[PDB]
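To start, the structure itself, in structure tokens.
2 protein chains.
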Amino acid sequence: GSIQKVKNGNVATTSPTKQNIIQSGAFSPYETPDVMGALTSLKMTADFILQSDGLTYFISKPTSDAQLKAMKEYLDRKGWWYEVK
Amino acid sequence: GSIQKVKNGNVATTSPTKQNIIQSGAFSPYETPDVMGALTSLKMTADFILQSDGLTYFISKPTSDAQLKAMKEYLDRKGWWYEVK
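Chains A and B supply the protein sequences, listed in that same order.
Counting in the entry's author numbering, the first sequence runs from 149 upward without gaps.
Counting in the entry's author numbering, the second sequence runs from 349 upward without gaps.
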């Protein structure tokens, strides 16, 4: 539901109405602790599926645009492939 | 699966109708890279659920008891809680 308080409306190409979800591509297990830290810090939480190849990817459950933006921008810092949903 | 040349099935806690699954309790994110390696090495593979508190746990996919036995003892080496299915 809507928890209020947090409002975000920064100038940029910030499109209205999305799912506010981010899915990543399979990345190396050693980056996992730090990305979990981001999700925890951004209070997003995600399910990290380990693939048999020895890589994992997370799917982050819906949050706000402000938390969303920072999380995807993080994956962008890592140069990882991701999906904004 | 049926891949042949795999003689690795040393005795373990052989309980009837076991699922051969091990789920852990919420543990620290920095140990996640190591445990993901263990799963990948022990050919188990798992889903790591991150909690909002900043801890994660894995649910491992069914494997042989000889593989999982070492994995559960690994969790014990770490002093983490787990369940053997």
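Note that beta-carbon positions come from the ideal geometry of N, C-alpha and C, so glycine has one too.
Residue i in three-state terms, based on DSSP
| i | result |
| --- | --- |
| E421 (chain B) | helix |
| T211 (chain A) | coil |
| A386 (chain B) | helix |
Reference residue i, options the options, closest by Cα
| i | options | result |
| --- | --- | --- |
| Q371 (chain B) | B:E421, B:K426, B:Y405 and B:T411 | B:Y405 |
| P177 (chain A) | A:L187, A:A194 and A:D201 | A:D201 |
| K233 (chain A) | A:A218, A:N168 and A:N158 | A:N168 |
| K391 (chain B) | B:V383, B:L398 and B:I397 | B:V383 |
| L223 (chain A) | A:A214, A:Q199 and A:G173 | A:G173 |
| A360 (chain B) | B:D413, B:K426, B:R425 and B:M419 | B:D413 |
| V354 (chain B) | B:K426, B:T411 and B:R425 | B:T411 |
| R425 (chain B) | B:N358, B:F375 and B:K366 | B:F375 |
Nearest-angstrom Cα separation, counted from residue j out to residue i
| i | j | result |
| --- | --- | --- |
| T180 (chain A) | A386 (chain B) | 15 angstroms |
| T162 (chain A) | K209 (chain A) | 19 angstroms |
| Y430 (chain B) | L416 (chain B) | 12 angstroms |
| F196 (chain A) | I397 (chain B) | 6 angstroms |
| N156 (chain A) | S189 (chain A) | 17 angstroms |
| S150 (chain A) | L403 (chain B) | 25 angstroms |
| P164 (chain A) | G427 (chain B) | 46 angstroms |
| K420 (chain B) | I407 (chain B) | 12 angstroms |
| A194 (chain A) | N158 (chain A) | 25 angstroms |
| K166 (chain A) | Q152 (chain A) | 18 angstroms |
If you measure beta-carbon to beta-carbon, which residues of the region 385-406 of chain B are closer than 8 angstroms to chain A?
Contact annotation: in the region 385-406 of chain B, residues whose CB is within less than 8 angstroms of a CB in chain A are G385, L387, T388, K391, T393, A394, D395, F396, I397, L398, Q399, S400, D401, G402, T404 and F406.
Near-chain B residues of the region 165-184 of chain A (beta-carbon distance less than 7 angstroms), N- to C-terminal order
Residues passing the 7 angstroms Cβ filter: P177, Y178, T180, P181 and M184.
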